[PDB]
């Protein structure tokens, strides 16, 4: 698939932060109504060290049948810094994205989108590059305040930055920790909540797109 190279990747962390502040102006939080036909999930691994692995899985919806898997291996050159995940994982994702032949209607990332100190998590940032609706689904909080939802399945709370809503916290699985859902690009809070709920099977904590991407991350270990 094609994409837009909006800036260079070889940046020190200070310049990388400045780049996020310019890009946040381009995000469009628009509703995503209706149901998607194809849904991509994205996951990364770091087998041993000095060899990253990016996996993209494309599924049919609502069946969740797997239509395509692509993978890319490459060197990781930028440290993990919370809030700068895209600068570590973005380049390898985009090399995998180039090989993708099936165009997804929505792409789900393992990480935040809007629920980010500069409103531009990896889901939002990659959404600007690929120009497809995106959602970030994270297993822990990076940014924002909330009250813990009830322990019943499908209970949920909004994630806040002051007065503004930046995502939601969903108890997808009773007796498990909730997930943190936020829109990326071409996505809003209500639609990302509706879609991740429809992507999550009963009895499972993680939505099918990123759960299956994570599974291939482990099965495609070199």
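Numbering follows the first chain given and starts at 1.
K.L.:
Going by the mean C-alpha B-factor recorded in the entry, which is higher: 132-140 or 148-156?
P.N.:
Higher of the two, by average CA B-factor, is 148-156.
K.L.:
Taking the recorded C-alpha temperature factors, which stretch has the higher mean, 195-203 or 210-218?
P.N.:
Result of the comparison: 195-203.
K.L.:
Looking at 184, 175, 167, 41, which has the highest CA B-factor as recorded?
P.N.:
In the PDB entry, the greatest C-alpha B-factor among 184, 175, 167, 41 is found at 175.
K.L.:
Would you mind checking which of 101, 125, 119, 73 has the top Cα temperature factor in the PDB entry?
P.N.:
It is 101.
K.L.:
Is residue 59 in the lowest, middle or highest third of its chain when residues are ranked by C-alpha B-factor?
P.N.:
Middle third by C-alpha B-factor.
K.L.:
Determine, from the deposited record, the chain-internal third of the Cα B-factor for residue 29: lowest, middle or highest.
P.N.:
CA B-factor rank for residue 29: highest third.
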